[PDB]
Amino acid sequence: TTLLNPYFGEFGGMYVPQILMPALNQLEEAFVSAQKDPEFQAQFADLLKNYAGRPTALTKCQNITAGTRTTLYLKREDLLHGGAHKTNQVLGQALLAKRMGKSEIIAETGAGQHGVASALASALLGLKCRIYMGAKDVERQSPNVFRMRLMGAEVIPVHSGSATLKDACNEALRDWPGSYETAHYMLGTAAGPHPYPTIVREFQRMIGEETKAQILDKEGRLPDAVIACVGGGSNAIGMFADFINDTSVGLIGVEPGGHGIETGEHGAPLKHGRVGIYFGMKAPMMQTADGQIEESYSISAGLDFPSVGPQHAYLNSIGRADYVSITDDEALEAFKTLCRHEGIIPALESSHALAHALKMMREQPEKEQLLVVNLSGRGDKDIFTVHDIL
Amino acid sequence: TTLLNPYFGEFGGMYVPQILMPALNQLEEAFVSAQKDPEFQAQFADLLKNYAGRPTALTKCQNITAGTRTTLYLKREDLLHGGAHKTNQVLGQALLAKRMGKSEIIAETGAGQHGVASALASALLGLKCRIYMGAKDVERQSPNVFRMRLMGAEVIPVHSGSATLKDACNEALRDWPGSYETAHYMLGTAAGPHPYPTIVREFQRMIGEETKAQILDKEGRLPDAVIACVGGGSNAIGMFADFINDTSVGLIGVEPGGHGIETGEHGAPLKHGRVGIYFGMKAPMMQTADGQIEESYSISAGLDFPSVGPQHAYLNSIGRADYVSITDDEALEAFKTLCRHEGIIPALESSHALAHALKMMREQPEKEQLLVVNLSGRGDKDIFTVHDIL
Amino acid sequence: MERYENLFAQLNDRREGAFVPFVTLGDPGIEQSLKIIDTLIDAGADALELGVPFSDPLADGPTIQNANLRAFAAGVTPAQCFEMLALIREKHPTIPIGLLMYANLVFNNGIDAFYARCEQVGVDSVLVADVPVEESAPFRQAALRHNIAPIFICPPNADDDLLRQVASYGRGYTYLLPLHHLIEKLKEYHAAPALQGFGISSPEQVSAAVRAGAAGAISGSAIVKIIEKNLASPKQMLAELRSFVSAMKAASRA
Amino acid sequence: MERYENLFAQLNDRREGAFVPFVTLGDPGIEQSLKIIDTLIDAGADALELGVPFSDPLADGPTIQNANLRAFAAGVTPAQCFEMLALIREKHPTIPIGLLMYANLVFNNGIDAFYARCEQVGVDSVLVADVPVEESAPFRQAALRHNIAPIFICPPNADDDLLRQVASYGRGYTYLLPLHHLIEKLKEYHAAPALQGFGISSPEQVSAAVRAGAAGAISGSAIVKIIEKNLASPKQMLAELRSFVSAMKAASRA
Ligand SMILES: *Cc1c(COP(=O)(O)O)cnc(C)c1O
Ligand SMILES: *Cc1c(COP(=O)(O)O)cnc(C)c1O
Ligand code: NA
Ligand code: NA
């Protein structure tokens with residue numbers, strides 16, 4: 002029994018061991034209750050405005066587009082507190098954990114930005130936060146590991162399987178059945194078992210709501226297409242949700258194509274993998290031919306989640322959004338173009354979204370088109386990766 | 002002859018070689034003209050809102066203050082584009098250089114944040130930017146040097162004298178007499194020859210104007226004291242200016258006390274140095290007993306300018322603001338308290354301001370007091386200095 | 065399913081509990097695992113519960129996770145596992161054989177296809193670790209079309225609706241994770257007989273499970289720690305697994 | 065001031081320009097600098113313009129900046145410089161001696177105090193490099209109370225108000241940075257006689273300065289490059305400075 006539907010056409014579900022069903026049902030109950038509670042809605046709004054710094058700007062990029070009939074805006078989740086959009090939905094899930102009377106947070110992290118997010122929200126809101134991070138990723142993400150510790154969180158390295166993000170997601174799912182009476186699992190994307198894909202969409206949907214009011218204000222009409230990178234799907238489904246019922250607006254998600262699709266070293270399971278059941282849900286996965294789960298490759302460490310949210314797989318299957326890919330060198334090019342022509346250093350995750358917009362403009366430079374790219378975070382943290390490559 | 006007064010009581014002036022007076026008079030003319038020009042005012046406002054992300058939040062820190070009768074807000078210039086408040090006045094001076102028909106920008110930088118600022122503003126606004134940085138500082142600020150280059154700027158190392166910030170300020174003043182017909186000198190603090198202390202105050206004064214409207218809104222009355230760190234004086238005079246005529250509001254500036262005043266290794270020339278004439282102005286300097294200029298020491302690289310703005314020296318001499326100091330370990334303590342209790346990593350420059358507020362609360366914990374600290378930037382860039390010390 | 069009905073009827077004629085060890089197929093290699101399993105059986109295991117190595121075992125603890133690591137270090141795949149099973153069965157026609165599967169491995173190439181391959185090699189039941197009763201319909205239905213028992217865990221705080229579905233939907237045995245109450249409810253709802261699992265790691269828990277009214281006990285990971293401990297002497301590993309299983313089974317006797 | 069009035073009157077009786085070299089006091093050490101200066105004088109310098117090392121010479125180019133570096137590598141201070149000056153003067157009673165100062169060094173211990181110390185050791189003029197006419201009042205006034213000439217630069221695009229203030233406010237000479245027009249204006253306003261500075265680095269510019277109507281020429285940094293080049297042989301450094309100065313001064317003659 003559930004109160005809301007766990008599936009998006011065939012994708013989604015609750016594929017977890019039986020002993021975790023009460024945790025999910027309790028969390029779905031609490032969330033439905035909070036979404037009807039105006040004191041909750043005011044509490045959330047106020048941290049997002051006076052703590053996180055919403056709304057965030059929508060910036061027109063006129064130097065980029067000169068000489069073409071593309072007008073491009075960038076929605077500036079890189080100016081949110083912590084540097085990426087992941088801060089909006091951790092403040093919401095922290096407040097839901099306090100609503101349920103919980104005092105502790107579990108979270109998983111790959112490149113470490115969800116760990117940083119979840120540690121800041123726990124510090125501000127008085128929760129004791131422990132974070133699982135695969136050991137290969139802790140070794141390569143020192144700056145992130147130390148920010149999480151500065152902010153009070155316990156960082157636990159995970160050495161099993163591949164010692165990367167899927168392995169810490171397994172370790173979070175091992176802990177929570179013994180601790181759910183007092184700890185909340187703050188899952189860090191729009192994926193995993195129901196009700197997480199719903200919760201995280203609804204706690205990110207203000208990116209798209211602010212984009213609509215800001216574009217109407219500045220251009221008097223909605224975008225031709227709104228473009229977002231897709232690692233597990235939260236910043237993309239947060240920009241798309243308010244525009245799904247506006248059928249003229251294109252929704253385009255961009256997966257990492259790594260070294261190239263045809264190399265097999267990429268991260269694009271929505272268009273290039275195969276549906277499987279893992280982490281709680283039925284959705285496209287990076288997996289071997291006999292069913293073992295594999296890792297996603299990108300130059301961008303944040304696009305490492307080896308599946309995708311099930312609402313993305315559903316909106317692709319009915320054709321209301323389209324999904325493409327962008328390779329490592331396409332992303333690196335767009336990150337350099339943006340620094341030198343607009344003074345904005347973007348995250349190499351976001352760079353994937355901007356690359357695809359730059360190809361939509363450059364292949365057909367006299368097509369009139371109004372594009373928004375979700376600039377999901379800033380790119381201070383990439384400047385030495387982009388240093389050493391070049 | 003000038004149109005506005007170059008002095009603040011005895012401090013200030015135009016102590017530059019004669020061949021640079023026409024550059025300063027031209028710049029003062031242009032600025033007076035722009036401050037009366039509503040199309041200029043709209044142009045500035047719009048980049049600060051849709052590019053830089055104004056207004057910035059004013060966040061209440063309730064975990065910090067618990068158990069005392071201090072209420073503390075932090076004005077969140079750390080959420081501005083680029084990470085520190087220096088972005089507001091570079092967008093204004095870039096627009097003034099375009100008003101005068103110039104196509105090129107000169108700037109000086111120490112720890113490199115003014116260089117990063119000035120490179121982003123030049124990229125966005127189509128100016129060719131070259132930056133002087135003393136060679137010891139380029140060697141220790143790689144991440145900053147590469148951001149400036151990613152953004153298109155020419156970074157020129159300066160090997161003369163001490164090869165730090167005073168030496169690049171000398172090199173900027175050498176270049177500008179040969180190039181002022183087409184290049185603007187974008188000075189990076191509220192100091193130097195007139196009209197820079199005036200211009201930079203007026204292009205930072207929105208920090209204090211937004212603080213007043215935001216505090217009135219949230220508490221119904223003005224602060225007891227507003228507290229800001231003082232390296233050369235721009236973020237402090239930008240928070241103080243709108244409150245100078247509100248005589249109940251305390252204005253407190255905090256200089257770096259380094260290893261301790263009594264060690265002599267600090268950066269507090271306003272309370273601990275001696276008036277001299279250098280960089281264009283008469284103001285308190287770090288200098289030897291026979292008049293040679295010396296460097297300012299702090300654990301925070303940004304509080305390195307070895308003098309202070311002349312409006313600070315004037316407001317101290319008439320007692321309308323008070324100035325104090327905070328040592329390296331006081332700053333480091335406040336940077337850790339803020340990360341772990343509020344989820345905010347502050348710049349170690351800002352940490353100096355927060356340290357002094359934390360002592361105003363902890364020495365007299367039942368004194369009712371409403372404090373605002375200007376959190377002039379974020380502290381991602383300090384996490385390894387704060388790593389290795391501890 | 066038949067083979068468990070026969071087994072529990074035989075045990076009940078003897079007033080005896082069942083003792084069911086778990087191990088991972090191919091740990092620590094295929095030929096070594098074939099001999100550990102012939103050892104568990106010759107020492108008195110009443111049925112086997114066997115694991116197929118899967119990359120992300122999000123419902124297993126450290127002991128098992130390290131079992132899969134050893135099995136993958138030896139190259140073990142699901143295909144190799146089905147070969148293994150057909151040999152076990154050919155060698156031992158009556159002992160019930162269950163699998164402990166992750167969902168992806170069953171859904172991979174088609175869930176009906178999976179249950180038909182278990183029915184061809186002679187598996188008698190399948191517990192899928194990450195499919196709860198709420199998502200189990202296609203799994204149960206396909207197990208049942210191929211004469212395979214779908215097994216479900218009855219967790220420790222199982223509320224009454226969960227009791228009734230686990231009783232209705234499972235066959236073979238109930239994997240049972242106050243006890244005397246869980247157990248009496250399952251019998252009331254006519255559930256498959258209950259095996260106590262988890263922590264069964266010495267003789268006295270076997271005995272106490274039977275005395276609470278369960279049909280038997282499952283040793284979820286103690287057999288695995290004996291392999292892990294004896295990796296350097298295959299012969300000593302067999303001996304200590306014979307000793308341990310002999311005593312657990314001694315304890316189920318009346 | 066007296067000594068420059070006497071000098072220009074003498075030069076004019078000879079229809080001759082002045083040649084004025086610059087050097088930094090103590091470059092590359094005190095005893096070496098004393099001998100370079102006795103060399104400039106014996107080779108024919110008509111007056112000297114001398115620099116006191118200052119940490120931040122924001123109106124000097126590379127050659128001079130490196131002169132101050134060598135002087136500070138030898139420990140040179142303003143105090144040592146005033147000792148130096150008193151010796152130069154005691155040895156040479158008529159040659160005019162000017163200083164090139166940064167403001168801080170004059171304002172340090174009291175601007176009146178500075179001009180009284182120059183008047184005690186026998187300096188005749190002071191140009192302060194970063195004080196423009198708009199900020200010069202306390203400097204000029206104090207120079208003038210102590211019989212010291214305040215010298216000002218007349219920059220190349222000097223507008224007419226600047227011409228008139230530089231003429232009114234300077235004494236000794238005008239440091240002149242179309243030429244024939246700047247020069248005729250300065251004479252119209254009765255300014256101190258003009259020395260062409262900057263780039264005076266070979267004989268023909270001396271000659272041309274005098275022929276444009278200037279009273280003389282100043283070699284702002286060519287003497288300094290000859291030190292820099294000969295640091296490894298003090299004796300060769302003297303010779304080449306004698307050769308160069310002899311020819312510059314030859315060129316001012318009629
Ligand atoms: C993590 C991250 C992403 C990827 O996760 P989604 O859930 O797909 O949004 C994208 N951009 C940034 C800046 C990130 O930190
Ligand atoms: C540079 C800097 C300061 C110091 O300069 P001011 O002119 O005194 O404001 C302070 N905070 C930050 C974050 C800086 O980058
Ligand atoms: Na993905
Ligand atoms: Na200072």
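For the record, the sequence lines run as chains A, B, C and D. Here the numbering used here runs 1 ahead of the position in the first sequence, where the first position is 1. Here the numbering used here runs 1 ahead of the position in the second sequence, where the first position is 1. Here the numbering used here runs 64 ahead of the position in the third sequence, where the first position is 1. Here the numbering used here runs 64 ahead of the position in the fourth sequence, where the first position is 1. Quick reminder that beta carbons are idealized off the backbone N, C-alpha and C, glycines included.
Since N132/C is in the alpha helix (DSSP H), which residue starts that stretch and which ends it?
In the third sequence, the residue the question calls residue 132/C occupies position 68. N132/C -> alpha helix (DSSP H) spans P126 to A137.
When you compare each of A169/A, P270/A, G259/A and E211/A to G234/A by their alpha carbons, which one comes out closest?
For the purposes of this step, residue 234/A is taken as the residue at position 233 of the first sequence. Per the Cα distances, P270/A.
With respect to 6 Å, is the separation between the Cβ of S297/A and the closest non-hydrogen atom of ligand 3 below this value?
Taking the first residue of the first sequence as 1, we reach residue 297/A at position 296. Under cutoff, so the answer is yes.
Enumerate, from N- to C-terminal direction, the unbroken alpha helix (DSSP H) stretches of 4 or more residues contained entirely within the stretch 37–80 of chain B.
If only uninterrupted alpha helix (DSSP H) runs of at least 4 residues are considered, those enclosed by the stretch 37–80 of chain B are 39–48.
With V255/A as the anchor, note down where its beta strand (DSSP E) starts and where it stops.
Within the first sequence, the letter at position 254 stands for residue 255/A. Run containing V255/A: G251 to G259, per the beta strand (DSSP E) assignment.
Below 6 Å CB to CB, which residues in the same chain sit around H210/D once its five sequence neighbours on both sides are set aside?
Start at 1 with the first residue of the fourth sequence, and residue 210/D comes out as number 146. Within the same chain, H210/D has close Cβ partners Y179, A180 and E183.
Nearest by alpha-carbon distance to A150/C: which of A206/C, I291/C, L98/C and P220/C is it?
Taking the first residue of the third sequence as position 1, residue 150/C is located at position 86. Here the closest residue by C-alpha is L98/C.
Any chance you could list the residues with Cβ under 7 Å from a heavy atom of ligand 4, keeping chain order?
Every residue whose beta carbon comes nearer than 7 Å to a heavy atom of ligand 4 appears here in chain order: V231/B, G232/B, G233/B, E256/B, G268/B, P270/B, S297/B, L304/B, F306/B, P307/B, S308/B and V309/B.
Between the stretch 47–78 of chain B and chain D, which residues of the former have a C-beta closer than 7 Å to a C-beta of the latter?
Within the stretch 47–78 of chain B, not one residue has a Cβ closer than 7 Å to any Cβ of chain D.
Does DSSP put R153/D in a helix, in a strand, or in coil?
Within the fourth sequence, numbered from 1, the residue matching residue 153/D stands at position 89. DSSP places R153/D within a helical segment (H, G or I) once states are collapsed to three.
Rounded to the nearest angstrom, how far is the Cβ of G281/B from that of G193/B, given a contact under 8 Å?
Here residue 281/B corresponds to residue number 280 of the second sequence, with the count starting at 1. Here residue 193/B corresponds to residue number 192 of the second sequence, with the count starting at 1. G281/B to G193/B, Cβ: 5 Å. Contact.
Does the beta-carbon of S283/C have 16 or more other beta-carbons within 10 angstroms, so that it is buried, or is it exposed?
The sequence position of residue 283/C within the third sequence is 219, counting from 1. Under this definition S283/C is a buried residue.
So which residues on chain D does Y16/B lean against when the C-beta distance must stay under 8 Å?
Here residue 16/B refers to the residue found at position 15 of the second sequence. Ordered by position in chain D, the residues that pass the 8 Å Cβ test against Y16/B are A167, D194, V195, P196 and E199.
Assigned secondary structure, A108/B (DSSP; H/G/I helix, E/B strand, else coil):
Residue 108/B sits at position 107 when you count from the first residue of the second sequence. Residue state, collapsed to three classes: strand.
Straight-line CA distance for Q215/A to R222/A?
Position 214 of the first sequence, counted from the first residue, corresponds to residue 215/A. Position 221 of the first sequence, counted from the first residue, corresponds to residue 222/A. The straight-line gap from Cα to Cα measures roughly 10 Å.
Classify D330/B: buried if its beta carbon has 16 or more other beta carbons within 10 angstroms, exposed otherwise.
In the second sequence, residue 330/B corresponds to position 329, counting from 1. Exposed, by the Cβ-count rule.
Relative to the alpha-carbon of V91/A, which residue among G68/A, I65/A and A191/A has its alpha-carbon at the smallest distance?
Counting from one through the first sequence, the residue named residue 91/A turns up at place 90. Comparing Cα-Cα distances from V91/A to each of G68/A, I65/A and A191/A, the minimum goes to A191/A.
Taking only beta-carbon positions, decide if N375/B is within less than 7 Å of chain D.
Here residue 375/B is taken as the residue at index 374 of the second sequence, counted from 1. So, not an interface residue.
Could you list the residues in the stretch 335–366 of chain B with a C-beta less than 9 Å from some C-beta on chain A, going in chain order?
Hits within the stretch, in order: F336, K337, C340, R341, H342, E343, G344, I345 and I346.
Would you list, in chain order, the members of the stretch 147–177 of chain B that have their beta-carbon closer than 9 Å to a beta-carbon of chain D?
The stretch 147–177 of chain B vs chain D, Cβ under 9 Å: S161, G162, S163, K167, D168, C170, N171, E172, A173, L174 and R175.
Can you tell me whether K87/A sits near ligand 1, meaning its C-beta is under 6 Å from at least one heavy atom of the ligand?
Residue 87/A sits at position 86 when you count from the first residue of the first sequence. At least one heavy atom of ligand 1 is nearer than 6 Å to the Cβ of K87/A, so yes.
Can you check which of these residues, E268/D, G263/D, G81/D and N221/D, is closest to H245/D by C-alpha distance?
As a working mapping, residue 245/D is identified with position 181 in the fourth sequence. For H245/D, the nearest C-alpha among the options comes from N221/D.
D305/A: which of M134/A, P198/A and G277/A sits nearest, CA to CA?
The sequence position of residue 305/A within the first sequence is 304, counting from 1. Closest option to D305/A, Cα to Cα, is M134/A.
With hydrogens ignored, establish whether the beta-carbon of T199/A is closer than 6 Å to any heavy atom of ligand 1.
By one-based count along the first sequence, residue 199/A stands at place 198. False, no ligand heavy atom lies under 6 Å from that Cβ.
When the Cα atoms are used, what is the spatial distance from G162/D to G261/D?
Locating residue 162/D in the fourth sequence gives position 98, counting from the first residue. Locating residue 261/D in the fourth sequence gives position 197, counting from the first residue. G162/D and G261/D: Cα-Cα distance of roughly 14 Å.
Within chain A, partners of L271/B - CB distance below 7 Å
In the second sequence, residue 271/B corresponds to position 270, counting from 1. Under the 7 Å cutoff, chain A gives no residues; its nearest Cβ is about 31 Å from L271/B.
Helix, strand or coil for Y237/D, going by three-state DSSP, please let me know.
By 1-based counting over the fourth sequence, the position of residue 237/D is 173. Residue state, collapsed to three classes: coil.
Are the CB atoms of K87/A and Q44/A nearer to each other than 7 Å?
Along the first sequence, read from residue 1 onward, the residue named residue 87/A stands at position 86. Along the first sequence, read from residue 1 onward, the residue named residue 44/A stands at position 43. At a Cβ-Cβ threshold of 7 Å, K87/A and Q44/A do not count as neighbours.
Below 8 Å on the Cβ atoms is my guess for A193/C versus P18/A; work out the distance and round it to an integer in Å.
The count along the third sequence starts at 1 and reaches residue 193/C at position 129. The count along the first sequence starts at 1 and reaches residue 18/A at position 17. Indeed they touch by this definition, with Cβ atoms about 6 Å apart.
For a contact meaning CB atoms closer than 7 Å, what does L122/C contact in chain A?
As a first step, residue 122/C is located in the third sequence; it is residue number 58 there, counting from the start. Against chain A, a Cβ distance below 7 Å from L122/C picks out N171, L174 and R175.
Members of the stretch 224–241 of chain D near chain B, C-beta cut-off 9 Å
Hits within the stretch, in order: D225, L226, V230 and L241.
Please determine if the stretch 355–364 of chain B and the stretch 296–314 of chain B are in contact, where contact requires at least 3 C-beta pairs separated by less than 8 Å.
At 8 Å Cβ cutoff, the stretches do not touch.
According to the neighbour-count rule (16 or more other Cβ atoms, all chains shown, within 10 Å of its Cβ), is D176/C buried or exposed?
Along the third sequence, read from residue 1 onward, the residue named residue 176/C stands at position 112. Around the beta-carbon of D176/C, fewer than 16 other beta-carbon atoms lie within 10 Å, marking it exposed.
Can you give me the Cβ contacts of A311/C inside the same chain, cut-off strictly under 7 Å, excluding the 5 residues immediately before and after it?
Here residue 311/C refers to the residue found at position 247 when the third sequence is read from its first residue. The answer, listed in chain order, is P267.
To the nearest angstrom, how far is the alpha carbon of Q94/A from that of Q142/A?
Counting from one through the first sequence, the residue named residue 94/A turns up at place 93. Counting from one through the first sequence, the residue named residue 142/A turns up at place 141. Between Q94/A and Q142/A, the C-alpha separation is close to 24 Å.
Can you look up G179/B in the DSSP assignment and give me helix, strand or coil?
Taking the second sequence and counting its residues from 1, the one referred to as residue 179/B is at position 178. Here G179/B sits in helix by DSSP.
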